[PDB]
Amino acid sequence: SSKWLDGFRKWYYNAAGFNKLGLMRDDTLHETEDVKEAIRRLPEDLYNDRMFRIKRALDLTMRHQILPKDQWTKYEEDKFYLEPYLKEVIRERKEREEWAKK
Amino acid sequence: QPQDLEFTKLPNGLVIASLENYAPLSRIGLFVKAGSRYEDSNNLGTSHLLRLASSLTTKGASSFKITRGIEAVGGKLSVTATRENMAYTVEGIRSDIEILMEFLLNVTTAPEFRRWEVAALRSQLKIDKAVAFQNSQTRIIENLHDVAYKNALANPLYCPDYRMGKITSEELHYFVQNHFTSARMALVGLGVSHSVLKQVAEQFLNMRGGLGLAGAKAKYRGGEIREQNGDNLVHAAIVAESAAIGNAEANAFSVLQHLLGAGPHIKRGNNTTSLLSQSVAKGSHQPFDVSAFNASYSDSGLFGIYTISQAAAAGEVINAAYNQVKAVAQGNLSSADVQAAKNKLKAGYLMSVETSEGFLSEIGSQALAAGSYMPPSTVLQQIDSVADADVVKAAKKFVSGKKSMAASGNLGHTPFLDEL
Amino acid sequence: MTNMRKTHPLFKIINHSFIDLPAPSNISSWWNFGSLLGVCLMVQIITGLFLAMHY
Amino acid sequence: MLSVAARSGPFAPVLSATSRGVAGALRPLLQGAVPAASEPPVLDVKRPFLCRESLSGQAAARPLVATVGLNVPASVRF
Amino acid sequence: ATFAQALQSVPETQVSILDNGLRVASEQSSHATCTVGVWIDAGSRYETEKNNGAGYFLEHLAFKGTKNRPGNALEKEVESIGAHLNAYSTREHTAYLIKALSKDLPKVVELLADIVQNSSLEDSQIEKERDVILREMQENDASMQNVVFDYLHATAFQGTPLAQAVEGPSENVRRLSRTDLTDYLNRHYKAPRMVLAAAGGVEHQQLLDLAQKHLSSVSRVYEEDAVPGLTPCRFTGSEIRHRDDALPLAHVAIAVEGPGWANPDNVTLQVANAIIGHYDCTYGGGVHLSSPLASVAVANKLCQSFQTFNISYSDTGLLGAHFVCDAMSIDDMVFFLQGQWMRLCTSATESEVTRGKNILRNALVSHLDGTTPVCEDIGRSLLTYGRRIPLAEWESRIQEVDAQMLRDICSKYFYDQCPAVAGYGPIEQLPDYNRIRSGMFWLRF
Ligand code: HEM
């Protein structure tokens with residue numbers, strides 16, 4: 001039942017509500033030390049786009065509004081830009097931890 | 001037990017030299033013909049950052065893994081760079097030399113060159129330049145090479161201040177892919193057998209063409225530069241063209257350099273056998289030092305006078321040294337002093353190769369310059385074949401040649417090139 | 001690692017006040033007295049609390 | 001035509017520097033501002049050479065060679 | 001080809017004693033160049049504050065002419081053969097060494113023999129290197145590391161002959177004369193305090209024949225019939241601080257008392273220093289250095305540099321650290337350094353012990369690369385230990401060091417001790433002696 005899981009994933013993505021604020025999935029991650037290091041390694045255009053998206057979301061939440069439905073972040077164009085940087089940061093931190101174990 | 005020096009050239013031009021002396025600690029260096037002379041004006045200072053970028057993440061080992069593995073076993077890693085070529089040397093125990101070879105070859109062959117790493121490394125670039133420019137000899141030599149050549153040797157070792165914060169990792173990848181090619185590198189090993197060197201050479205090194213970019217022949221320029229920076233001592237270097245490496249006049253220029261004086265032999269001596277120091281101290285009474293500066297490259301060369309004098313006594317010291325060299329050029333010299341200069345040059349060459357690191361550096365330099373190993377006795381007998389007329393001819397070529405001057409200090413009394 | 005005395009947001013006040021406070025070397029015993037006042041103040045409070053428990 | 005600064009036409013304020021101690025009523029063109037630039041690092045002072053014996057050996061005689069170690073301090077030879 | 005038989009394949013140092021008591025030692029190698037030196041057990045510790053600059057002024061005068069080669073003539077025959085002549089003097093040793101070719105061995109033995117025996121001194125030369133040493137001391141005042149280490153030796157060995165420097169104060173070099181130098185030569189230049197060391201392409205038989213021909217007469221009789229001894233020096237927990245706020249950087253050295261030359265525990269202490277290591281601002285490593293002190297110093301941008309040291313003297317020594325940094329970091333750096341010391345007294349695990357053992361192995365073997373450090377090791381080893389310790393013995397002594405005895409030795413020498421602190425520069429945030437003294441013990445341990 002792959003398409004049932006996929007359509008349920010689309011439903012959960014629409015029901016989470018951050019697509020109505022223009023946000024991506026990687027903007028909603030909590031900025032811990034690994035996530036902050038992932039933002040620090042970003043290229044500057046992606047960093048500026050992310051900062052504008054957070055500012056727009058905070059401005060929309062201030063007025064208790066949402067974007068119009070055509071401006072919502074669609075599921076197919078939601079790019080997981082922070083995944084390789086976060087993956088590298090987790091790999092390096094686990095390597096440091098396993099070196100500190102021995 | 002060191003039965004010979006195993007010297008081999010692979011068909012792609014990569015040179016492997018190995019000597020098995022059964023030393024307690026092995027030393028393995030990769031010598032790449034990728035010095036500071038291979039940059040044009042669009043990527044100046046890239047060799048400085050590529051020298052400092054040895055501890056970055058590579059395809060096969062992270063920077064944390066590289067550092068903790070290179071110093072967990074007690075080993076060491078260094079990069080030695082001149083204008084012509086660079087050397088990546090690893091050194092450690094015979095038991096742990098295999099992982100050191102893997103770390104060295106991961107550093108040299110496949111660097112990743114991430115953007116945040118070089119962004120964090122530009123600060124260390126500025127700090128290293130400011131530390132290395134604490135000696136005024138460094139600034140004088142940099143300015144002397146800047147004035148002496150139009151291109152392809154006037155590029156500095158250290159990154160210029162405008163280039164800091166503007167060197168990208170794409171230029172580093174461009175430099176690596178254009179200058180770290182197969183027929184410009186020699187892998188030299190001491191305390192390690194030849195077969196593992198050949199296995200590492202066929203494993204880690206055989207994905208490069210061999211030629212890359214050639215160069216721009218290092219045309220001569222001439223002229224002078226004067227830096228009023230207010231120092232207690234005035235440093236002046238007056239240089240002219242000389243022989244390149246491999247000519248019959250380079251050995252004569254070295255013999256002339258040791259005849260005029262190229263360093264002290266006694267701690268707190270007076271340099272009685274140095275002609276330049278005796279000629280200057282004949283009329284002077286203040287602290288000073290005069291030596292003969294010599295440098296030989298693949299296509300060009302530099303020979304001249306280096307003087308450290310007082311602010312108000314620079315002209316007398318410079319004129320005394322120049323008159324001494326002009327007297328040497330007119331045949332006014334003793335053959336016994338030429339014999340003493342030959343003995344000094346032979347002693348200095350033999351003392352430069354007694355240590356393992358100097359031996360490795362000389363083997364790598366010879367393998368890059370000529371592609372074959374030269375035993376030291378052949379070098380000594382090549383020194384012995386220098387005639388006195390060759391020394392007179394070298395001095396005459398220095399006197400009659402066009403000059404490049406680099407001066408620094410209080411230059412109110414320092415003379416000019418046309419006033420000599 | 002770090003220095004917990006100088007970087008903790010609560011311990012920074014005690015470090016600035018009673019641990020690494022720069023003080024004159026030549027102050028006499030009279031400079032004790034105000035500190036004694038503070039001690040006497042809390043002593044009063046403590047005794048007063050127990051005198052508030054039966055009065 | 002004397003007054004060298006006025007004799008040179010376009011290079012009038014390049015050959016002469018004009019400042020003021022008391023500001024005028026007329027506001028100057030191109031007020032200008034120094035941007036916050038970087039600072040050189042602080043290094044410890046080096047040994048001076050005020051005697052002839054300490055200057056012995058300080059003169060350069062070889063091509064300049066830099067060396068950067070990992071846990072070795074960076075050195076240079078003349 | 002393992003490490004054990006590689007260290008066993010090092011040639012044995014050949015040691016013989018002449019009839020006057022002179023030691024003669026050689027290290028035969030395959031090199032075409034040799035290093036021959038004379039080591040005399042005579043330094044600033046052997047001076048009675050009336051000849052406090054005798055060794056420095058004598059080694060200034062040593063290469064200025066002899067009774068057989070007056071003037072610069074000997075200089076000619078050391079500069080016409082390409083030989084390099086060097087000399088130095090520490091607080092308890094003196095060395096005169098020539099590096100040359102193998103063919104010029106009898107001549108360099110002859111020059112080393114008559115330099116230390118028939119050195120000609122004349123009053124014009126006395127005043128010439130008097131003003132030269134005055135200018136040398138004025139130059140050496142600007143090197144802050146030398147000033148700090150002289151301060152540390154002055155405050156850690158108060159009232160003893162180990163406090164006085166090699167150069168001595170300026171009043172002595174303005175008041176030393178010919179007679180005191182002759183007395184110093186007659187008292188200190190004797191055969192039972194003299195080692196002739198050779199390294200490189202030197203056979204022991206030829207060196208012994210030349211030493212018997214030239215160094216047979218050294219006047220080893222006690223002429224004054226007074227025994228020169230070596231009393232123990234009293235370590236003093238103290239501090240000296242030289243406040244001068246115009247200097248750009250501050251140098252601080254903190255050290256405790258060392259065990260001595262002949263203590264085996266020094267080897268363990270070397271491993272301890274290899275755990276702490278060193279750092280300079282031009283290091284290419286960065287955050288991922290193995291030493292926690294260097295890693296926290298580069299993470300917090302604390303220090304310009306630090307380095308550990310174990311200086312050793314007869315029964316005594318200085319075991320500590322030296323760092324240069326800006327003022328605003330000083331106390332923080334001290335705290336971290338103290339923590340590292342206490343970590344080695346309490347929580348030394350086997351991983352950093354193995355790392356320090358490997359670092360000590362590599363440094364102690366690769367230091368002896370060349371004829372000059374081998375000759376220096378031979379001379380200093382015959383003067384200090386009474387014998388040349390083989391390198392396999394050093395390997396066997398390093399191998400027995402584990403974490404338990406390392407923290408035992410560290411608790412013996414670092415824990416709850418009274419250190420000596422020397423500071424120079426903007427050292428206002430460098431604390432009192434009481435905070436540093438309180439930093440030598442943990443309340444949690
Ligand atoms: C908040 C803290 C305090 C409490 C709860 C407190 C409470 C009391 C109580 C219940 C009494 C009556 C008990 C008795 O005297 O038989 C008392 C008496 C008294 N308190 Fe306090 N008190 C406090 C602080 C102080 C302070 C700071 C002072 C001044 C130094 C002070 C001065 C006095 C005096 C003089 C008496 C009269 C003692 C006497 O009977 O002779 N109290 N207090």
# chains A, B, ... in the order shown; residues from 1 in each chain; ligands from 1
call {"tool": "residues_near_ligand", "arguments": {"ligand": "ligand 1", "cutoff": "8 Å", "atoms": "only C-alpha atoms and all ligand atoms", "output": "number ranges by chain"}}
result
C: 40-42, 44-53, 55
call {"tool": "interface_residues", "arguments": {"of": "chain B", "to": "chain A", "cutoff": "9 Å", "atoms": "only C-alpha atoms", "output": "VMD selection string"}}
result
chain B and resid 62 64 to 65 68 115 to 116
call {"tool": "residues_around", "arguments": {"residues": "region 170-174 of chain B", "least_positions_apart": "4", "cutoff": "8 Å", "atoms": "only C-alpha atoms", "output": "VMD selection string"}}
result
chain B and resid 43 46 50 113 178
call {"tool": "write_last_selection", "arguments": {"atoms": "N, CA, C and O atoms", "output": "mmCIF file, in the first residue's frame"}}
result
data_model
loop_
_atom_site.group_PDB
_atom_site.id
_atom_site.type_symbol
_atom_site.label_atom_id
_atom_site.label_comp_id
_atom_site.auth_asym_id
_atom_site.auth_seq_id
_atom_site.Cartn_x
_atom_site.Cartn_y
_atom_site.Cartn_z
ATOM 1 N N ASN B 43 44.905 34.516 -10.032
ATOM 2 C CA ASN B 43 44.817 33.644 -8.862
ATOM 3 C C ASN B 43 46.070 33.773 -8.001
ATOM 4 O O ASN B 43 46.663 32.782 -7.576
ATOM 5 N N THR B 46 47.268 31.810 -4.367
ATOM 6 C CA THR B 46 46.562 30.540 -4.249
ATOM 7 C C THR B 46 47.470 29.452 -3.689
ATOM 8 O O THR B 46 47.003 28.571 -2.957
ATOM 9 N N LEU B 50 46.853 26.949 -0.555
ATOM 10 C CA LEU B 50 46.932 25.516 -0.800
ATOM 11 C C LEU B 50 48.011 24.872 0.062
ATOM 12 O O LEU B 50 47.914 23.685 0.390
ATOM 13 N N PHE B 113 38.044 20.497 -0.565
ATOM 14 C CA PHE B 113 38.088 21.964 -0.595
ATOM 15 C C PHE B 113 36.690 22.565 -0.425
ATOM 16 O O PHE B 113 36.117 23.165 -1.332
ATOM 17 N N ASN B 178 45.242 21.367 -12.479
ATOM 18 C CA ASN B 178 46.153 21.788 -13.533
ATOM 19 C C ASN B 178 47.625 21.650 -13.180
ATOM 20 O O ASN B 178 48.462 21.706 -14.085
#
call {"tool": "closest_atom_pairs", "arguments": {"of": "chain E", "to": "chain D", "cutoff": "7 Å", "atoms": "only C-alpha atoms", "output": "Markdown table"}}
result
| residue | atom | partner | partner_atom | distance |
| --- | --- | --- | --- | --- |
| E:132 | CA | D:51 | CA | 7.0 |
| E:135 | CA | D:51 | CA | 6.2 |
| E:139 | CA | D:48 | CA | 5.9 |
| E:140 | CA | D:47 | CA | 6.9 |
| E:142 | CA | D:47 | CA | 5.8 |
| E:143 | CA | D:47 | CA | 5.8 |
| E:248 | CA | D:44 | CA | 6.6 |
| E:249 | CA | D:44 | CA | 6.1 |
| E:280 | CA | D:73 | CA | 6.1 |
| E:282 | CA | D:74 | CA | 5.7 |
| E:283 | CA | D:70 | CA | 5.5 |
| E:284 | CA | D:70 | CA | 4.4 |
| E:285 | CA | D:70 | CA | 5.2 |
call {"tool": "write_last_selection", "arguments": {"atoms": "N, CA, C and O atoms", "output": "PDB file, in the first residue's frame"}}
result
ATOM      1  N   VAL E 132      81.169  44.439  23.862  1.00  0.00           N
ATOM      2  CA  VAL E 132      80.364  43.548  23.027  1.00  0.00           C
ATOM      3  C   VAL E 132      79.337  42.787  23.865  1.00  0.00           C
ATOM      4  O   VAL E 132      78.169  42.687  23.481  1.00  0.00           O
ATOM      5  N   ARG E 135      76.553  45.127  24.878  1.00  0.00           N
ATOM      6  CA  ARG E 135      75.577  45.285  23.803  1.00  0.00           C
ATOM      7  C   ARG E 135      74.755  44.015  23.573  1.00  0.00           C
ATOM      8  O   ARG E 135      73.568  44.104  23.240  1.00  0.00           O
ATOM      9  N   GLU E 139      70.747  43.687  23.849  1.00  0.00           N
ATOM     10  CA  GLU E 139      69.920  43.029  22.841  1.00  0.00           C
ATOM     11  C   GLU E 139      69.037  41.949  23.454  1.00  0.00           C
ATOM     12  O   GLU E 139      67.867  41.810  23.081  1.00  0.00           O
ATOM     13  N   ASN E 140      69.579  41.172  24.391  1.00  0.00           N
ATOM     14  CA  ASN E 140      68.838  40.065  24.983  1.00  0.00           C
ATOM     15  C   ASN E 140      67.779  40.522  25.973  1.00  0.00           C
ATOM     16  O   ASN E 140      66.922  39.718  26.351  1.00  0.00           O
ATOM     17  N   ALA E 142      65.448  42.508  25.170  1.00  0.00           N
ATOM     18  CA  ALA E 142      64.225  42.679  24.400  1.00  0.00           C
ATOM     19  C   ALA E 142      63.556  41.366  24.021  1.00  0.00           C
ATOM     20  O   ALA E 142      62.433  41.390  23.509  1.00  0.00           O
ATOM     21  N   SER E 143      64.206  40.229  24.247  1.00  0.00           N
ATOM     22  CA  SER E 143      63.587  38.926  24.032  1.00  0.00           C
ATOM     23  C   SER E 143      62.870  38.535  25.315  1.00  0.00           C
ATOM     24  O   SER E 143      63.514  38.206  26.314  1.00  0.00           O
ATOM     25  N   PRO E 248      53.296  44.624  24.108  1.00  0.00           N
ATOM     26  CA  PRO E 248      52.049  44.212  23.446  1.00  0.00           C
ATOM     27  C   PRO E 248      51.500  42.890  23.943  1.00  0.00           C
ATOM     28  O   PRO E 248      50.282  42.686  23.903  1.00  0.00           O
ATOM     29  N   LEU E 249      52.354  41.989  24.415  1.00  0.00           N
ATOM     30  CA  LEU E 249      51.932  40.667  24.841  1.00  0.00           C
ATOM     31  C   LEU E 249      52.563  40.344  26.185  1.00  0.00           C
ATOM     32  O   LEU E 249      53.596  40.902  26.561  1.00  0.00           O
ATOM     33  N   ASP E 280      51.236  26.927  18.881  1.00  0.00           N
ATOM     34  CA  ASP E 280      51.602  28.237  18.371  1.00  0.00           C
ATOM     35  C   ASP E 280      50.501  28.694  17.425  1.00  0.00           C
ATOM     36  O   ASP E 280      49.749  27.880  16.886  1.00  0.00           O
ATOM     37  N   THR E 282      50.621  29.809  14.480  1.00  0.00           N
ATOM     38  CA  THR E 282      50.829  29.427  13.092  1.00  0.00           C
ATOM     39  C   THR E 282      50.673  27.929  12.863  1.00  0.00           C
ATOM     40  O   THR E 282      51.127  27.421  11.832  1.00  0.00           O
ATOM     41  N   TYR E 283      50.057  27.215  13.800  1.00  0.00           N
ATOM     42  CA  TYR E 283      49.842  25.785  13.635  1.00  0.00           C
ATOM     43  C   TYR E 283      48.755  25.527  12.602  1.00  0.00           C
ATOM     44  O   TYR E 283      47.711  26.183  12.598  1.00  0.00           O
ATOM     45  N   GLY E 284      48.997  24.557  11.732  1.00  0.00           N
ATOM     46  CA  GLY E 284      48.043  24.255  10.690  1.00  0.00           C
ATOM     47  C   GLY E 284      46.898  23.354  11.082  1.00  0.00           C
ATOM     48  O   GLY E 284      45.999  23.130  10.266  1.00  0.00           O
ATOM     49  N   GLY E 285      46.898  22.826  12.302  1.00  0.00           N
ATOM     50  CA  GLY E 285      45.878  21.884  12.715  1.00  0.00           C
ATOM     51  C   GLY E 285      44.509  22.489  12.934  1.00  0.00           C
ATOM     52  O   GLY E 285      43.575  22.211  12.177  1.00  0.00           O
TER      53      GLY E 285
END
call {"tool": "select_by_dssp", "arguments": {"residues": "region 95-319 of chain E", "states": "strand (DSSP E)", "output": "VMD selection string"}}
result
chain E and resid 95 to 101 194 to 200 238 to 243 250 to 257 278 to 280 303 to 313 316 to 319
call {"tool": "select_by_dssp", "arguments": {"residues": "chain C", "states": "helix (DSSP H, G or I)", "output": "MDAnalysis selection string"}}
result
chainID C and resid 4:7 11:19 29:51
call {"tool": "write_last_selection", "arguments": {"atoms": "N, CA, C and O atoms", "output": "short mmCIF file (atom, residue, chain, number, x, y, z; two decimals), in the first residue's frame"}}
result
data_model
loop_
_atom_site.label_atom_id
_atom_site.label_comp_id
_atom_site.auth_asym_id
_atom_site.auth_seq_id
_atom_site.Cartn_x
_atom_site.Cartn_y
_atom_site.Cartn_z
N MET C 4 33.09 27.83 34.33
CA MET C 4 31.72 27.88 34.82
C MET C 4 31.47 29.04 35.77
O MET C 4 30.33 29.46 35.93
N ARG C 5 32.52 29.56 36.41
CA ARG C 5 32.36 30.67 37.35
C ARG C 5 32.02 31.96 36.62
O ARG C 5 31.18 32.74 37.08
N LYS C 6 32.65 32.20 35.47
CA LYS C 6 32.51 33.47 34.77
C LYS C 6 31.47 33.45 33.65
O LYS C 6 31.09 34.52 33.18
N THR C 7 31.01 32.27 33.23
CA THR C 7 30.09 32.19 32.11
C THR C 7 28.67 31.80 32.49
O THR C 7 27.76 32.00 31.69
N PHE C 11 26.13 32.57 38.37
CA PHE C 11 27.42 32.62 39.06
C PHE C 11 28.26 33.82 38.64
O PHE C 11 29.24 34.13 39.33
N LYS C 12 27.91 34.48 37.54
CA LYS C 12 28.63 35.67 37.11
C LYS C 12 28.45 36.82 38.10
O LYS C 12 29.38 37.59 38.32
N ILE C 13 27.27 36.92 38.72
CA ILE C 13 27.02 37.98 39.69
C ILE C 13 27.84 37.76 40.96
O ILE C 13 28.45 38.70 41.48
N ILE C 14 27.87 36.53 41.47
CA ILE C 14 28.67 36.22 42.65
C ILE C 14 30.16 36.35 42.35
O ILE C 14 30.93 36.84 43.19
N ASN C 15 30.58 35.98 41.13
CA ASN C 15 31.97 36.16 40.74
C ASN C 15 32.35 37.63 40.64
O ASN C 15 33.45 38.03 41.04
N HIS C 16 31.44 38.47 40.13
CA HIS C 16 31.73 39.89 40.00
C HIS C 16 31.66 40.60 41.34
O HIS C 16 32.30 41.65 41.52
N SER C 17 30.90 40.07 42.29
CA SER C 17 30.66 40.75 43.56
C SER C 17 31.61 40.31 44.68
O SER C 17 32.18 41.16 45.36
N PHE C 18 31.77 39.01 44.90
CA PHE C 18 32.46 38.52 46.08
C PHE C 18 33.68 37.66 45.80
O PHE C 18 34.37 37.28 46.75
N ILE C 19 33.97 37.32 44.55
CA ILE C 19 35.07 36.41 44.22
C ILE C 19 36.19 37.15 43.49
O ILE C 19 37.34 37.16 43.95
N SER C 29 40.46 47.45 59.17
CA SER C 29 39.41 46.60 59.73
C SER C 29 38.04 47.25 59.71
O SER C 29 37.03 46.54 59.80
N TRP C 30 37.98 48.58 59.58
CA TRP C 30 36.71 49.29 59.50
C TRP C 30 35.91 48.89 58.27
O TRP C 30 34.68 48.87 58.29
N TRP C 31 36.61 48.50 57.20
CA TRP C 31 35.99 47.99 55.99
C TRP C 31 35.33 46.63 56.18
O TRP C 31 34.59 46.20 55.29
N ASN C 32 35.58 45.95 57.30
CA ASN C 32 34.79 44.77 57.62
C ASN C 32 33.36 45.14 57.99
O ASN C 32 32.44 44.37 57.68
N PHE C 33 33.17 46.32 58.58
CA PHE C 33 32.00 46.60 59.42
C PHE C 33 30.70 46.53 58.64
O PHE C 33 29.73 45.91 59.10
N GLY C 34 30.68 47.11 57.44
CA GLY C 34 29.49 47.08 56.61
C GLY C 34 29.07 45.67 56.23
O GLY C 34 27.89 45.34 56.27
N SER C 35 30.06 44.82 55.92
CA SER C 35 29.76 43.41 55.66
C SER C 35 29.17 42.75 56.89
O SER C 35 28.18 42.01 56.78
N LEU C 36 29.71 43.09 58.07
CA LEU C 36 29.16 42.61 59.33
C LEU C 36 27.71 43.03 59.49
O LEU C 36 26.87 42.23 59.92
N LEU C 37 27.41 44.27 59.06
CA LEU C 37 26.04 44.79 59.10
C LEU C 37 25.10 43.89 58.32
O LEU C 37 24.07 43.47 58.85
N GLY C 38 25.53 43.50 57.11
CA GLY C 38 24.71 42.61 56.30
C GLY C 38 24.49 41.28 56.97
O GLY C 38 23.35 40.81 57.07
N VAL C 39 25.55 40.74 57.58
CA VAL C 39 25.45 39.48 58.31
C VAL C 39 24.51 39.65 59.49
O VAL C 39 23.57 38.86 59.67
N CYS C 40 24.66 40.77 60.22
CA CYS C 40 23.81 41.03 61.37
C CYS C 40 22.37 41.17 60.95
O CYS C 40 21.47 40.63 61.61
N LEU C 41 22.15 41.75 59.75
CA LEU C 41 20.81 41.92 59.21
C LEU C 41 20.13 40.58 59.03
O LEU C 41 19.04 40.35 59.58
N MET C 42 20.84 39.62 58.41
CA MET C 42 20.19 38.35 58.16
C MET C 42 20.04 37.57 59.45
O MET C 42 19.03 36.87 59.62
N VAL C 43 20.96 37.80 60.41
CA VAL C 43 20.85 37.18 61.72
C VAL C 43 19.57 37.62 62.39
O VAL C 43 18.77 36.77 62.84
N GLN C 44 19.28 38.93 62.30
CA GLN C 44 18.06 39.49 62.86
C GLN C 44 16.84 38.84 62.24
O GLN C 44 15.97 38.32 62.97
N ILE C 45 16.87 38.69 60.91
CA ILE C 45 15.76 38.12 60.16
C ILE C 45 15.51 36.70 60.61
O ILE C 45 14.37 36.35 60.98
N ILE C 46 16.60 35.93 60.78
CA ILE C 46 16.48 34.53 61.17
C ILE C 46 15.88 34.43 62.56
O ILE C 46 14.85 33.75 62.75
N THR C 47 16.39 35.24 63.49
CA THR C 47 15.88 35.20 64.85
C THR C 47 14.45 35.72 64.88
O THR C 47 13.59 35.10 65.52
N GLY C 48 14.18 36.73 64.05
CA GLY C 48 12.85 37.30 64.01
C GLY C 48 11.84 36.31 63.50
O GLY C 48 10.72 36.24 64.01
N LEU C 49 12.26 35.46 62.55
CA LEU C 49 11.37 34.45 62.00
C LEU C 49 10.93 33.48 63.08
O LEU C 49 9.74 33.19 63.22
N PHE C 50 11.87 33.10 63.95
CA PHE C 50 11.48 32.19 65.01
C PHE C 50 10.72 32.93 66.09
O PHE C 50 9.79 32.37 66.68
N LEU C 51 11.02 34.22 66.28
CA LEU C 51 10.18 35.00 67.18
C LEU C 51 8.82 35.29 66.57
O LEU C 51 7.90 35.66 67.31
#
call {"tool": "closest_atom_pairs", "arguments": {"of": "region 45-100 of chain A", "to": "region 10-21 of chain A", "cutoff": "10 Å", "atoms": "only C-alpha atoms", "output": "JSON lines"}}
result
{"residue": "A:53", "atom": "CA", "partner": "A:21", "partner_atom": "CA", "distance": 8.4}
{"residue": "A:54", "atom": "CA", "partner": "A:21", "partner_atom": "CA", "distance": 9.1}
{"residue": "A:56", "atom": "CA", "partner": "A:21", "partner_atom": "CA", "distance": 7.6}
{"residue": "A:57", "atom": "CA", "partner": "A:21", "partner_atom": "CA", "distance": 5.3}
{"residue": "A:58", "atom": "CA", "partner": "A:21", "partner_atom": "CA", "distance": 8.7}
{"residue": "A:59", "atom": "CA", "partner": "A:21", "partner_atom": "CA", "distance": 9.5}
{"residue": "A:60", "atom": "CA", "partner": "A:21", "partner_atom": "CA", "distance": 6.9}
{"residue": "A:61", "atom": "CA", "partner": "A:21", "partner_atom": "CA", "distance": 8.1}
{"residue": "A:65", "atom": "CA", "partner": "A:21", "partner_atom": "CA", "distance": 8.5}
{"residue": "A:66", "atom": "CA", "partner": "A:21", "partner_atom": "CA", "distance": 5.6}
{"residue": "A:67", "atom": "CA", "partner": "A:20", "partner_atom": "CA", "distance": 5.7}
{"residue": "A:68", "atom": "CA", "partner": "A:20", "partner_atom": "CA", "distance": 7.8}
{"residue": "A:69", "atom": "CA", "partner": "A:20", "partner_atom": "CA", "distance": 7.4}
{"residue": "A:70", "atom": "CA", "partner": "A:20", "partner_atom": "CA", "distance": 9.6}
{"residue": "A:71", "atom": "CA", "partner": "A:20", "partner_atom": "CA", "distance": 7.8}
{"residue": "A:72", "atom": "CA", "partner": "A:20", "partner_atom": "CA", "distance": 5.0}
{"residue": "A:73", "atom": "CA", "partner": "A:19", "partner_atom": "CA", "distance": 4.7}
{"residue": "A:74", "atom": "CA", "partner": "A:19", "partner_atom": "CA", "distance": 7.1}
{"residue": "A:75", "atom": "CA", "partner": "A:10", "partner_atom": "CA", "distance": 7.0}
{"residue": "A:76", "atom": "CA", "partner": "A:10", "partner_atom": "CA", "distance": 9.7}
{"residue": "A:78", "atom": "CA", "partner": "A:19", "partner_atom": "CA", "distance": 9.1}
call {"tool": "atom_distance", "arguments": {"atom1": "CA of residue 94 (chain B)", "atom2": "CA of residue 191 (chain B)"}}
result
7.2 Å
call {"tool": "interface_residues", "arguments": {"of": "chain E", "to": "chain B", "cutoff": "9 Å", "atoms": "only C-alpha atoms", "output": "PyMOL selection string"}}
result
chain E and resi 1-7+9-10+31-33+60+63-64+72-73+75-76+78-87+99-101+281-290+351-352+354-363+365-366+369-371
call {"tool": "residues_around", "arguments": {"residues": "region 84-90 of chain B", "least_positions_apart": "2", "cutoff": "7 Å", "atoms": "only C-alpha atoms", "output": "list in words"}}
result
residues 27, 28, 29, 30, 31, 32, 33, 34, 35, 36, 37, 76, 77, 78, 79, 80, 81, 82, 92, 100 and 104 of chain B
call {"tool": "closest_residue", "arguments": {"among": "A:101, A:30, A:94, A:9", "to": "chain E", "atoms": "only C-alpha atoms"}}
result
A:101
call {"tool": "atom_distance", "arguments": {"atom1": "CA of residue 213 (chain B)", "atom2": "CA of residue 179 (chain B)"}}
result
6.8 Å
call {"tool": "atom_distance", "arguments": {"atom1": "CA of residue 208 (chain E)", "atom2": "CA of residue 107 (chain E)"}}
result
14.0 Å
call {"tool": "residues_around", "arguments": {"residues": "residue 390 (chain E)", "least_positions_apart": "6", "cutoff": "12 Å", "atoms": "only C-alpha atoms", "output": "ChimeraX atom specification"}}
result
/E:7-14,27,364-365,368,374,377-378,381-382,396-397
